[PDB]
Number of protein chains: 2
Amino acid sequence: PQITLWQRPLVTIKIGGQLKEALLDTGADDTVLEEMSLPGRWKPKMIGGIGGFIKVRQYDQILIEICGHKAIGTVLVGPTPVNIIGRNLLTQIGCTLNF
Amino acid sequence: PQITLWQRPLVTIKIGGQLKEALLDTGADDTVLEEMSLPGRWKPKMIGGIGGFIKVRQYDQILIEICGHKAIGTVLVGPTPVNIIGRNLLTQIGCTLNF
Ligand SMILES: CC(C)(C)NC(=O)[C@@H]1CN(Cc2cccnc2)CCN1C[C@@H](O)C[C@@H](Cc1ccccc1)C(=O)N[C@H]1c2ccccc2C[C@H]1O
């Protein structure tokens with residue numbers, strides 16, 4: 001698709017057999033989802049944005065479907081205000097910025 | 001241009017006759033630039049990022065030059081680590097997300 005930016009670019013993702021809403025976010029290096037339980041072991045990570053750092057949980061090789069495009073990649077879990085799809089998974093599903 | 005997302009999407013902007021580098025951020029609602037002096041009076045605002053809220057100064061009716069293209073709109077100035085061009089100005093230059 002082509003998504004213009006007058007509204008937030010929210011798409012629907014499927015992860016863990018659930019459907020969630022997430023923001024497509026070119027300003028985010030990584031993908032962070034709200035507090036959920038995902039399979040397997042986790043490592044620790046701190047990510048910093050505006051307002052400071054949060055401590056999140058890094059899971060690897062997670063399957064997540066964005067607009068019916070399957071990506072398998074690293075997903076962070078933590079107290080983020082919105083689910084954010086960031087560059088590590090945007091590159092996978094072939095996403096560019098155009099003007 | 002067609003900007004890919006293997007690296008951060010940094011481009012050159014011009015505001016107040018200064019050249020700056022800044023991030024094309026589809027996840028940002030507003031444009032937030034690093035502490036600098038602008039023409040006009042400002043309203044104060046609280047905007048919230050990933051690690052919580054910061055206080056910014058809001059200037060209206062500001063022209064920025066992004067890769068040639070002019071855009072005018074609200075610009076917030078405040079303690080941000082990186083310069084961020086959000087949706088409010090991304091729309092004016094005709095920016096879209098394509099996959
Ligand atoms: C207006 C303003 C700019 C303040 N907006 C944001 O910060 C929004 C906030 N919401 C939330 C919100 C807050 C309040 C109200 N509604 C919504 C969540 C997403 N962001 C958008 C982010 O794209 C902003 C960037 C800024 C940045 C980039 C690089 C380095 C430092 C800062 C961001 O936070 N990116 C970071 C990031 C993000 C996720 C995972 C890893 C990493 C690393 C890093 O790239």
Side-chain angles (χ1 to χ4, degrees), chain A residues 1-11 13 21-34 45-56 65-71 73 76-99, chain B residues 1-11 13 22-35 45-56 65-71 73 76-99:
Chain A
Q2 169 164 131
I3 295 150
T4 52
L5 293 174
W6 306 93
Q7 289 201 310
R8 289 186 175 190
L10 304 177
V11 296
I13 59 174
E21 223 147 57
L23 181 68
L24 303 176
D25 192 339
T26 59
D29 305 324
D30 314 291
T31 296
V32 213
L33 302 195
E34 286 158 341
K45 205 170 165 194
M46 289 238 280
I47 48 183
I50 300 278
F53 297 76
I54 56 158
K55 242 296 296 133
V56 281
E65 212 170 328
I66 315 156
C67 280
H69 293 242
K70 289 151 179 273
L76 312 189
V77 188
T80 174
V82 277
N83 296 307
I84 291 158
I85 308 303
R87 292 186 300 106
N88 62 309
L89 290 188
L90 288 177
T91 45
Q92 282 202 29
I93 68 169
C95 192
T96 50
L97 268 182
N98 295 282
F99 58 111
Chain B
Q2 174 167 118
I3 292 176
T4 55
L5 298 170
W6 304 108
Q7 300 102 56
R8 299 192 162 161
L10 282 149
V11 299
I13 67 147
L23 186 74
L24 308 183
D25 187 350
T26 63
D29 296 339
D30 303 299
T31 297
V32 196
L33 297 178
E34 293 170 24
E35 205 75 70
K45 205 181 167 91
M46 301 278 288
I47 51 167
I50 251 302
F53 275 72
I54 55 167
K55 200 177 154 288
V56 285
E65 274 211 71
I66 311 137
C67 286
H69 309 65
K70 289 186 201 180
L76 304 182
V77 171
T80 171
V82 47
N83 288 316
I84 287 140
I85 301 309
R87 289 197 296 101
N88 76 297
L89 298 187
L90 283 181
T91 53
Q92 304 298 105
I93 68 158
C95 191
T96 54
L97 233 14
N98 303 73
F99 54 103

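Chain identifiers are assigned alphabetically (A, B, ...) following the order of the sequence lines, protein sequences preceding nucleic acid strands; residue numbering begins at 1 within each chain.
Under the side chain to side chain contact (heavy atoms under 4.5 Å, CB included) criterion, A:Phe53 pairs with A:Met46, not counting sequence neighbours.
Interface residue A:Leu23: only side-chain heavy atoms are found under 4.5 Å from chain B. In this structure, the portion of A:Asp29 lying under 4.5 Å from any heavy atom of chain B is its side chain and not its backbone.
Residues A:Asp25 and B:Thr26 approach most closely at CA-OG1, 3.6 Å, considering heavy atoms.
Among B:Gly94, B:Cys95, B:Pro9, B:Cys67, the residue making the largest number of heavy-atom pairs under 4.5 Å with chain A is B:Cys95. Counting heavy-atom pairs closer than 4.5 Å to chain A, the top residue among B:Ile93, B:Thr4, B:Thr91 is B:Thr91. When each of A:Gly48, A:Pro1, A:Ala28 is checked for heavy-atom pairs under 4.5 Å with chain B, A:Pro1 comes out on top.
A heavy-atom distance below 4.5 Å is found between the side chains of A:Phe99 and B:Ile3.
Around the NZ atom of B:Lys70, the shell of radius 6.0 Å holds no more than 12 heavy atoms that belong to other residues, nucleotides or ligands. When the shell of 6.0 Å around CD of A:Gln2 is examined, it contains more than 12 heavy atoms from other residues, nucleotides or ligands.
Between B:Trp6 atom CH2 and A:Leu90 atom CG the span is 11.0 Å, to the nearest 0.5 Å.
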Under the side chain to side chain contact (heavy atoms under 4.5 Å, CB included) rule, what do B:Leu97 and A:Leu5 come out as? Steps first, then yes or no, please.
CA-CA 8 Å; B:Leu97 233 14; A:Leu5 293 174; 4.1 Å; yes

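Chain B is approached within less than 4.5 Å, heavy atom to heavy atom, by A:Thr80, A:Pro81, A:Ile84, A:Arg87 from residues 78-87 of chain A, ordered by number.
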